[PDB]
file start25.txt (compact mmCIF, C-alpha atoms)
# COMPACT_ATOMS: atom_id res chain seq x y z
CA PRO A 1 -14.49 7.39 -36.53
CA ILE A 2 -14.78 9.33 -39.77
CA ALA A 3 -12.30 8.76 -42.60
CA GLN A 4 -11.99 10.87 -45.74
CA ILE A 5 -9.84 9.41 -48.49
CA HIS A 6 -8.57 11.40 -51.47
CA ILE A 7 -7.80 9.26 -54.51
CA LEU A 8 -7.16 10.01 -58.15
CA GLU A 9 -10.11 9.54 -60.49
CA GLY A 10 -10.10 6.41 -62.63
CA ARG A 11 -11.17 3.55 -60.38
CA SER A 12 -14.19 1.38 -60.97
CA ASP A 13 -17.17 1.23 -58.67
CA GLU A 14 -16.03 -2.23 -57.52
CA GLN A 15 -12.62 -1.03 -56.44
CA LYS A 16 -14.14 1.85 -54.50
CA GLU A 17 -16.64 -0.50 -52.87
CA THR A 18 -13.76 -2.69 -51.74
CA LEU A 19 -11.72 0.28 -50.53
CA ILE A 20 -14.63 1.35 -48.36
CA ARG A 21 -15.04 -2.06 -46.78
CA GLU A 22 -11.38 -2.90 -46.28
CA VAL A 23 -10.55 0.49 -44.74
CA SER A 24 -13.67 0.29 -42.58
CA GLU A 25 -12.51 -3.09 -41.18
CA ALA A 26 -8.98 -1.86 -40.56
CA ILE A 27 -10.31 1.11 -38.58
CA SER A 28 -12.73 -1.06 -36.62
CA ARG A 29 -10.03 -3.68 -35.95
CA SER A 30 -7.27 -1.26 -34.88
CA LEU A 31 -9.36 0.82 -32.49
CA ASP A 32 -11.64 -1.98 -31.35
CA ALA A 33 -14.64 0.14 -32.33
CA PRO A 34 -17.97 -1.22 -33.57
CA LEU A 35 -17.89 -1.46 -37.38
CA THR A 36 -21.26 0.29 -37.63
CA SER A 37 -19.75 3.47 -36.16
CA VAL A 38 -17.23 3.85 -39.00
CA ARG A 39 -17.96 6.44 -41.71
CA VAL A 40 -15.89 6.62 -44.88
CA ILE A 41 -15.95 9.37 -47.50
CA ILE A 42 -14.27 8.99 -50.87
CA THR A 43 -13.25 12.16 -52.71
CA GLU A 44 -11.88 11.80 -56.23
CA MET A 45 -9.38 14.23 -57.61
CA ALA A 46 -9.02 15.14 -61.27
CA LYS A 47 -5.52 14.30 -62.55
CA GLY A 48 -4.92 18.01 -62.99
CA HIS A 49 -6.08 18.92 -59.50
CA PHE A 50 -3.34 17.04 -57.67
CA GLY A 51 0.23 18.28 -57.54
CA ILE A 52 3.37 16.63 -56.20
CA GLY A 53 6.50 18.73 -55.80
CA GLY A 54 4.83 21.54 -57.70
CA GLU A 55 3.79 19.46 -60.67
CA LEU A 56 0.64 17.72 -61.83
CA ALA A 57 0.43 14.06 -60.86
CA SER A 58 -0.68 13.45 -64.44
CA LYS A 59 2.76 14.35 -65.87
CA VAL A 60 4.63 12.10 -63.51
CA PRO B 1 -4.00 8.14 -51.88
CA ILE B 2 -4.35 10.41 -48.85
CA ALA B 3 -6.53 9.37 -45.92
CA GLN B 4 -7.47 11.55 -42.98
CA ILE B 5 -9.04 9.77 -40.02
CA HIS B 6 -10.90 11.53 -37.24
CA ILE B 7 -10.91 9.59 -33.98
CA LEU B 8 -11.79 10.45 -30.39
CA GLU B 9 -8.84 11.22 -28.12
CA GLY B 10 -7.80 8.54 -25.67
CA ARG B 11 -5.87 5.93 -27.63
CA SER B 12 -2.28 5.00 -26.92
CA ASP B 13 0.58 5.54 -29.33
CA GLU B 14 0.64 1.80 -30.10
CA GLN B 15 -2.97 1.70 -31.16
CA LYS B 16 -2.56 4.69 -33.44
CA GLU B 17 0.61 3.16 -34.93
CA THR B 18 -1.38 0.03 -35.73
CA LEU B 19 -4.30 2.01 -37.15
CA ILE B 20 -1.90 3.75 -39.51
CA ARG B 21 -0.40 0.51 -40.73
CA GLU B 22 -3.59 -1.52 -41.02
CA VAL B 23 -5.45 1.23 -42.87
CA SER B 24 -2.42 1.82 -45.11
CA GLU B 25 -2.41 -1.88 -46.16
CA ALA B 26 -6.16 -1.90 -46.77
CA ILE B 27 -5.90 1.11 -49.07
CA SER B 28 -2.91 -0.36 -50.92
CA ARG B 29 -4.60 -3.76 -51.22
CA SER B 30 -7.98 -2.48 -52.39
CA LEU B 31 -6.71 -0.14 -55.10
CA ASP B 32 -3.64 -2.12 -56.02
CA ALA B 33 -1.52 0.99 -55.37
CA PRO B 34 2.10 0.87 -54.11
CA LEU B 35 2.11 1.00 -50.30
CA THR B 36 4.71 3.77 -50.36
CA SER B 37 2.25 6.12 -52.05
CA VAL B 38 -0.26 5.95 -49.19
CA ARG B 39 -0.44 8.87 -46.77
CA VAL B 40 -2.41 8.75 -43.56
CA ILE B 41 -3.23 11.61 -41.22
CA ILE B 42 -4.71 11.05 -37.77
CA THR B 43 -6.72 13.89 -36.23
CA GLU B 44 -7.88 13.47 -32.64
CA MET B 45 -11.08 15.07 -31.45
CA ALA B 46 -11.72 16.16 -27.87
CA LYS B 47 -14.75 14.39 -26.43
CA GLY B 48 -16.53 17.73 -26.29
CA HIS B 49 -15.70 18.56 -29.89
CA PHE B 50 -17.69 15.74 -31.46
CA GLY B 51 -21.48 15.77 -31.62
CA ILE B 52 -23.91 13.03 -32.69
CA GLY B 53 -27.55 13.92 -33.15
CA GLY B 54 -26.87 17.32 -31.62
CA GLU B 55 -25.20 16.01 -28.48
CA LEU B 56 -21.65 15.53 -27.25
CA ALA B 57 -20.24 12.07 -27.82
CA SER B 58 -18.97 12.26 -24.25
CA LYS B 59 -22.64 12.21 -23.15
CA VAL B 60 -23.46 9.29 -25.42
CA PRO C 1 -9.96 30.99 -51.59
CA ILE C 2 -9.44 28.88 -48.45
CA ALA C 3 -6.23 26.93 -47.92
CA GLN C 4 -5.64 24.33 -45.21
CA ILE C 5 -2.04 23.21 -44.78
CA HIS C 6 -1.00 20.12 -42.82
CA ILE C 7 2.53 20.31 -41.48
CA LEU C 8 4.48 18.36 -38.89
CA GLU C 9 4.76 19.97 -35.47
CA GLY C 10 8.11 21.52 -34.66
CA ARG C 11 8.19 24.88 -36.40
CA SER C 12 8.52 28.22 -34.65
CA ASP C 13 5.86 30.92 -34.68
CA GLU C 14 8.02 32.96 -37.08
CA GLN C 15 8.20 30.21 -39.66
CA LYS C 16 4.47 29.66 -39.53
CA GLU C 17 3.86 33.41 -39.85
CA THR C 18 5.98 33.41 -42.97
CA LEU C 19 4.30 30.33 -44.38
CA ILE C 20 0.95 32.04 -43.99
CA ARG C 21 2.07 35.18 -45.79
CA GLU C 22 4.05 33.55 -48.59
CA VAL C 23 1.30 31.08 -49.41
CA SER C 24 -1.28 33.86 -49.21
CA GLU C 25 0.63 35.88 -51.82
CA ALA C 26 1.09 32.87 -54.10
CA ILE C 27 -2.64 32.18 -54.07
CA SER C 28 -3.53 35.82 -54.65
CA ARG C 29 -0.93 36.16 -57.43
CA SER C 30 -1.84 32.94 -59.28
CA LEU C 31 -5.57 33.47 -59.35
CA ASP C 32 -5.50 37.25 -59.57
CA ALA C 33 -7.73 37.43 -56.48
CA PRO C 34 -7.67 40.21 -53.86
CA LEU C 35 -5.21 39.25 -51.09
CA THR C 36 -7.79 40.09 -48.43
CA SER C 37 -10.05 37.29 -49.67
CA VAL C 38 -7.45 34.59 -48.96
CA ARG C 39 -7.89 32.47 -45.82
CA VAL C 40 -5.18 30.13 -44.56
CA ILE C 41 -5.50 27.48 -41.85
CA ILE C 42 -2.46 25.71 -40.44
CA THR C 43 -3.00 22.29 -38.88
CA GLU C 44 -0.05 20.70 -37.11
CA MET C 45 0.32 16.92 -36.96
CA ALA C 46 2.08 15.06 -34.14
CA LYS C 47 5.01 13.03 -35.48
CA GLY C 48 3.10 9.91 -34.51
CA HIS C 49 -0.06 10.98 -36.31
CA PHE C 50 1.37 11.03 -39.82
CA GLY C 51 2.15 7.90 -41.78
CA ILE C 52 3.90 7.39 -45.09
CA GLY C 53 3.80 3.99 -46.75
CA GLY C 54 2.25 2.54 -43.60
CA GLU C 55 4.91 3.87 -41.23
CA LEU C 56 5.27 6.80 -38.90
CA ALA C 57 6.95 9.81 -40.49
CA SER C 58 8.98 9.89 -37.27
CA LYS C 59 10.82 6.51 -37.72
CA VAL C 60 11.53 6.99 -41.37
CA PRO D 1 3.33 19.06 -46.15
CA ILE D 2 -0.13 18.60 -47.65
CA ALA D 3 -2.18 21.58 -48.76
CA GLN D 4 -5.80 21.54 -49.87
CA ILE D 5 -7.09 24.71 -51.50
CA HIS D 6 -10.75 25.50 -52.02
CA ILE D 7 -11.39 27.87 -54.93
CA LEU D 8 -14.49 28.86 -56.89
CA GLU D 9 -14.96 27.13 -60.23
CA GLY D 10 -14.12 29.14 -63.32
CA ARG D 11 -10.36 29.11 -63.64
CA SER D 12 -8.48 27.75 -66.61
CA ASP D 13 -6.14 24.79 -66.51
CA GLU D 14 -3.17 27.19 -66.82
CA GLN D 15 -4.14 29.22 -63.79
CA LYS D 16 -4.58 26.13 -61.66
CA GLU D 17 -1.24 24.77 -62.89
CA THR D 18 0.38 28.01 -61.77
CA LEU D 19 -1.42 28.00 -58.44
CA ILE D 20 -0.09 24.53 -57.72
CA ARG D 21 3.50 25.51 -58.49
CA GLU D 22 3.55 28.91 -56.79
CA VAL D 23 1.95 27.61 -53.61
CA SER D 24 4.26 24.58 -53.67
CA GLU D 25 7.32 26.87 -53.79
CA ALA D 26 5.98 29.11 -51.01
CA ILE D 27 5.44 26.11 -48.72
CA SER D 28 8.88 24.66 -49.55
CA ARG D 29 10.57 28.04 -49.09
CA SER D 30 8.89 28.97 -45.80
CA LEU D 31 9.47 25.65 -44.03
CA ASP D 32 12.76 24.81 -45.69
CA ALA D 33 11.29 21.48 -46.77
CA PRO D 34 12.24 19.61 -49.96
CA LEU D 35 9.91 20.67 -52.79
CA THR D 36 9.29 17.03 -53.71
CA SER D 37 7.60 16.42 -50.34
CA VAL D 38 4.88 19.01 -50.97
CA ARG D 39 1.44 17.79 -52.00
CA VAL D 40 -1.28 20.11 -53.23
CA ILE D 41 -4.94 19.31 -53.79
CA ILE D 42 -7.27 21.72 -55.55
CA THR D 43 -10.99 21.46 -54.81
CA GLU D 44 -13.38 23.56 -56.88
CA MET D 45 -16.65 24.80 -55.41
CA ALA D 46 -19.75 25.53 -57.47
CA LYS D 47 -20.81 29.18 -57.11
CA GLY D 48 -23.93 27.93 -55.34
CA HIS D 49 -21.99 25.78 -52.88
CA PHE D 50 -20.09 28.59 -51.18
CA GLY D 51 -21.66 30.97 -48.73
CA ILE D 52 -20.39 34.14 -47.07
CA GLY D 53 -22.36 35.71 -44.26
CA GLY D 54 -25.22 33.35 -45.02
CA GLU D 55 -25.44 34.14 -48.70
CA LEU D 56 -24.23 32.57 -51.92
CA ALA D 57 -20.93 33.92 -53.15
CA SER D 58 -22.64 34.12 -56.55
CA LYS D 59 -25.18 36.74 -55.28
CA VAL D 60 -22.55 38.66 -53.32
CA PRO E 1 -24.66 15.01 -43.13
CA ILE E 2 -21.19 15.65 -41.73
CA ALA E 3 -20.14 19.17 -40.72
CA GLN E 4 -16.65 20.25 -39.74
CA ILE E 5 -16.35 23.69 -38.17
CA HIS E 6 -13.07 25.56 -37.77
CA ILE E 7 -13.15 28.13 -34.98
CA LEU E 8 -10.47 30.06 -33.13
CA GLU E 9 -9.44 28.67 -29.76
CA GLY E 10 -10.80 30.47 -26.73
CA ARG E 11 -14.37 29.33 -26.27
CA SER E 12 -15.71 27.57 -23.22
CA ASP E 13 -17.06 24.03 -23.24
CA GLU E 14 -20.59 25.46 -22.87
CA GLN E 15 -20.34 27.58 -25.97
CA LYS E 16 -19.01 24.70 -28.04
CA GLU E 17 -21.79 22.43 -26.73
CA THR E 18 -24.33 25.03 -27.88
CA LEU E 19 -22.63 25.46 -31.23
CA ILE E 20 -22.88 21.72 -31.83
CA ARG E 21 -26.56 21.57 -30.99
CA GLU E 22 -27.67 24.74 -32.78
CA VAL E 23 -25.80 23.87 -35.96
CA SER E 24 -27.10 20.30 -35.74
CA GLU E 25 -30.71 21.56 -35.66
CA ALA E 26 -30.12 23.98 -38.53
CA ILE E 27 -28.78 21.20 -40.75
CA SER E 28 -31.62 18.83 -39.78
CA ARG E 29 -34.22 21.56 -40.31
CA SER E 30 -32.93 22.81 -43.65
CA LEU E 31 -32.54 19.42 -45.30
CA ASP E 32 -35.41 17.71 -43.53
CA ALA E 33 -33.03 15.00 -42.41
CA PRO E 34 -33.35 13.06 -39.15
CA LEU E 35 -31.34 14.85 -36.39
CA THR E 36 -29.67 11.59 -35.42
CA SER E 37 -27.92 11.40 -38.80
CA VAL E 38 -26.08 14.71 -38.29
CA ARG E 39 -22.41 14.57 -37.31
CA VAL E 40 -20.49 17.66 -36.21
CA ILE E 41 -16.74 17.98 -35.73
CA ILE E 42 -15.23 21.06 -34.09
CA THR E 43 -11.61 21.86 -34.93
CA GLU E 44 -9.93 24.67 -32.95
CA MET E 45 -7.23 26.81 -34.53
CA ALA E 46 -4.42 28.48 -32.57
CA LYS E 47 -4.54 32.26 -33.09
CA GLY E 48 -1.22 32.01 -34.93
CA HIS E 49 -2.45 29.21 -37.18
CA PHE E 50 -5.11 31.26 -38.94
CA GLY E 51 -4.29 33.93 -41.51
CA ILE E 52 -6.53 36.49 -43.23
CA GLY E 53 -5.12 38.45 -46.13
CA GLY E 54 -1.69 37.05 -45.35
CA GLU E 55 -1.69 38.07 -41.71
CA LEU E 56 -2.31 36.33 -38.42
CA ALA E 57 -5.86 36.70 -37.15
CA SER E 58 -4.23 37.33 -33.76
CA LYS E 59 -2.36 40.51 -34.64
CA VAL E 60 -5.39 41.86 -36.50
CA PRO F 1 -15.34 30.58 -38.73
CA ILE F 2 -15.21 28.21 -41.69
CA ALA F 3 -17.64 25.30 -41.96
CA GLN F 4 -17.51 22.49 -44.51
CA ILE F 5 -20.58 20.30 -44.74
CA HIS F 6 -20.64 16.93 -46.50
CA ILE F 7 -24.10 15.94 -47.69
CA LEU F 8 -25.41 13.29 -50.05
CA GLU F 9 -26.27 14.50 -53.55
CA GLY F 10 -29.93 14.94 -54.35
CA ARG F 11 -30.99 18.21 -52.75
CA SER F 12 -32.39 21.16 -54.67
CA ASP F 13 -30.70 24.53 -54.92
CA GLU F 14 -33.32 25.97 -52.55
CA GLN F 15 -32.59 23.49 -49.82
CA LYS F 16 -28.86 24.11 -50.08
CA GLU F 17 -29.41 27.87 -50.00
CA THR F 18 -31.41 27.44 -46.80
CA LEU F 19 -28.79 25.11 -45.28
CA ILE F 20 -26.14 27.76 -45.89
CA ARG F 21 -28.15 30.50 -44.22
CA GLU F 22 -29.49 28.53 -41.28
CA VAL F 23 -26.08 27.06 -40.46
CA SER F 24 -24.45 30.49 -40.87
CA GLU F 25 -26.86 32.00 -38.31
CA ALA F 26 -26.34 29.15 -35.84
CA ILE F 27 -22.57 29.63 -35.99
CA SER F 28 -22.85 33.39 -35.65
CA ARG F 29 -25.36 33.10 -32.80
CA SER F 30 -23.49 30.45 -30.81
CA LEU F 31 -20.08 32.11 -30.90
CA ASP F 32 -21.32 35.68 -30.93
CA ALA F 33 -19.30 36.28 -34.08
CA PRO F 34 -20.28 38.74 -36.86
CA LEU F 35 -22.38 36.92 -39.47
CA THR F 36 -20.24 38.36 -42.25
CA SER F 37 -17.19 36.47 -40.98
CA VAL F 38 -18.85 33.06 -41.43
CA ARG F 39 -17.85 30.95 -44.43
CA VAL F 40 -19.73 27.82 -45.47
CA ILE F 41 -18.67 25.23 -48.01
CA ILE F 42 -21.06 22.53 -49.24
CA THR F 43 -19.53 19.33 -50.61
CA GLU F 44 -21.86 16.79 -52.17
CA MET F 45 -21.05 13.09 -52.10
CA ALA F 46 -22.17 10.58 -54.72
CA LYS F 47 -24.33 7.84 -53.14
CA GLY F 48 -21.58 5.36 -53.93
CA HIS F 49 -18.88 7.51 -52.37
CA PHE F 50 -20.19 7.37 -48.82
CA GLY F 51 -19.85 4.28 -46.64
CA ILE F 52 -21.37 3.47 -43.25
CA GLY F 53 -20.23 0.38 -41.42
CA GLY F 54 -18.35 -0.74 -44.51
CA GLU F 55 -21.30 -0.43 -46.87
CA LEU F 56 -22.58 2.11 -49.36
CA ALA F 57 -25.11 4.53 -47.87
CA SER F 58 -27.14 3.79 -50.99
CA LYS F 59 -27.48 0.01 -50.21
CA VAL F 60 -28.33 0.43 -46.56

call {"tool": "encode", "arguments": {"input": "start25.txt", "output": "structure tokens"}}
result
Amino acid sequence: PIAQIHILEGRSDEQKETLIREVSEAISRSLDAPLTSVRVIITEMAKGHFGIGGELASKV
Amino acid sequence: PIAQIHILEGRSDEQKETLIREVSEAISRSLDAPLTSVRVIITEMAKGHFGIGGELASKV
Amino acid sequence: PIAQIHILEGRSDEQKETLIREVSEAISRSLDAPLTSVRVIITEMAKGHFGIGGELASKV
Amino acid sequence: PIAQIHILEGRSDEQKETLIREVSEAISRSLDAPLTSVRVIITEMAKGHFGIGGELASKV
Amino acid sequence: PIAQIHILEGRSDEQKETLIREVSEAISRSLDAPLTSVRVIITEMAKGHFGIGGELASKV
Amino acid sequence: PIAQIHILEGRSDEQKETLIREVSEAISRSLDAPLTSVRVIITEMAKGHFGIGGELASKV
């Protein structure tokens, strides 16, 4: 399995390291797939590159 | 956060329902973000639409 | 520009044809780019393949 | 609906703010979905990271 | 490396098997990366799910 | 066809230019599609933004 997660910029390296492990376990657990087959890709978004309802996430 | 997970076709609706919840908790837990803000998208791949090392996963 | 839109399954061919044109104009208008350079990809999600807050979009 | 748009780097914050709103309206209008449910993600590409016909968009 | 290719529906399993191998070699060759590290995902688009210049690829 | 390739940061502009051409030929060759219709997008990942088996690609 290959997961790509889009998150807003601002998290520390620790938090992202945890996200990668926790999500990787959840995927492995749920599908009963070997953990080593899981690939996770984090993609950070600038606060002004993410809109919700037509407006920047930053202003809301 | 928005997660998109690519998995091979073949799982039951239950398994995918669990994957969505387990992964959603892991993301919420790891980043300390409200669960309700997590979005997960499952995308199934046909066995002959996924290659590893230049060969179909179906053959490996 | 290349746009990929994820929508829930259930819409008619007409609605999707309109979505593709309307969005294509909006992109061309906003960035002052030639309409012919805009590429749009629609990706439908099964109701049980989309989760919000850890739950299927279908049951909520 | 969740839209991810890939555009070449070089636009101002204003232009991108407009792109996000215009496209968000177009999606909401076309599918008759509540504007607040629309999510847009902008992803900029470096001029040397986008190819057309096997050649950099920068040189063509 | 992880490649995701969007193609129009209509190709045979043979053609897609060739696409996966050929593209996998090209990536491995160009970056001097071990072939076994290359991952390719094929994603088919319905003819009415792909627009060019605001119009279905199907009718044009 | 539209291809998006995720690679780890660290390659030179030459290598990426070659990746774009080689991959563009492979796609055009395999599907018998006009080279000029092929679109390639390169997306670099920071070493600490890519996980394999729950661990950073950098540390393993």

call {"tool": "interface_residues", "arguments": {"input": "start25.txt", "of": "chain E", "to": "chain C", "cutoff": "7 Å", "atoms": "all atoms listed in the file", "output": "PyMOL selection string"}}
result
chain E and resi 49-56

call {"tool": "closest_residue", "arguments": {"input": "start25.txt", "among": "A:27, A:8, A:33, A:57", "to": "residue 45 (chain A)", "atoms": "all atoms listed in the file"}}
result
A:8

call {"tool": "atom_distance", "arguments": {"input": "start25.txt", "atom1": "CA of residue 11 (chain A)", "atom2": "CA of residue 31 (chain B)"}}
result
7.8 Å

call {"tool": "atom_distance", "arguments": {"input": "start25.txt", "atom1": "CA of residue 60 (chain F)", "atom2": "CA of residue 7 (chain F)"}}
result
16.1 Å

call {"tool": "atom_distance", "arguments": {"input": "start25.txt", "atom1": "CA of residue 48 (chain E)", "atom2": "CA of residue 6 (chain C)"}}
result
14.3 Å

call {"tool": "decode", "arguments": {"input": "start25.txt", "residues": "region 9-47 of chain F", "atoms": "C-alpha atoms", "output": "mmCIF file, in the first residue's frame"}}
result
data_model
loop_
_atom_site.group_PDB
_atom_site.id
_atom_site.type_symbol
_atom_site.label_atom_id
_atom_site.label_comp_id
_atom_site.auth_asym_id
_atom_site.auth_seq_id
_atom_site.Cartn_x
_atom_site.Cartn_y
_atom_site.Cartn_z
ATOM 1 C CA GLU F 9 15.510 15.060 -3.409
ATOM 2 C CA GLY F 10 19.157 15.064 -4.385
ATOM 3 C CA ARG F 11 19.261 14.659 -8.152
ATOM 4 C CA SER F 12 20.819 17.181 -10.512
ATOM 5 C CA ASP F 13 18.891 19.124 -13.120
ATOM 6 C CA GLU F 14 20.461 16.943 -15.837
ATOM 7 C CA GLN F 15 19.225 13.730 -14.324
ATOM 8 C CA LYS F 16 15.715 15.099 -13.950
ATOM 9 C CA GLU F 17 15.755 16.366 -17.535
ATOM 10 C CA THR F 18 16.699 12.874 -18.682
ATOM 11 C CA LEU F 19 14.044 11.247 -16.477
ATOM 12 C CA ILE F 20 11.408 13.461 -18.082
ATOM 13 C CA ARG F 21 12.459 12.560 -21.610
ATOM 14 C CA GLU F 22 13.055 8.853 -21.109
ATOM 15 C CA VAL F 23 9.759 8.369 -19.271
ATOM 16 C CA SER F 24 7.933 10.469 -21.888
ATOM 17 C CA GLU F 25 9.233 8.195 -24.684
ATOM 18 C CA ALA F 26 8.329 5.017 -22.795
ATOM 19 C CA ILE F 27 4.758 6.248 -22.321
ATOM 20 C CA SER F 28 4.455 7.350 -25.936
ATOM 21 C CA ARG F 29 5.982 4.095 -27.209
ATOM 22 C CA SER F 30 3.917 1.743 -25.041
ATOM 23 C CA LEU F 31 0.532 3.295 -25.744
ATOM 24 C CA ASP F 32 1.281 4.412 -29.272
ATOM 25 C CA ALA F 33 0.272 7.934 -28.289
ATOM 26 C CA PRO F 34 1.754 11.122 -29.820
ATOM 27 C CA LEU F 35 4.762 12.228 -27.752
ATOM 28 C CA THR F 36 3.431 15.779 -27.637
ATOM 29 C CA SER F 37 0.389 14.647 -25.647
ATOM 30 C CA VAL F 38 2.508 13.320 -22.759
ATOM 31 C CA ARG F 39 2.747 15.400 -19.589
ATOM 32 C CA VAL F 40 5.225 14.655 -16.808
ATOM 33 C CA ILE F 41 5.327 16.156 -13.341
ATOM 34 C CA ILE F 42 8.283 15.616 -11.016
ATOM 35 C CA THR F 43 7.659 15.951 -7.280
ATOM 36 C CA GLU F 44 10.650 15.789 -4.960
ATOM 37 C CA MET F 45 10.312 14.483 -1.424
ATOM 38 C CA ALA F 46 12.485 15.557 1.499
ATOM 39 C CA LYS F 47 14.363 12.563 2.973
#
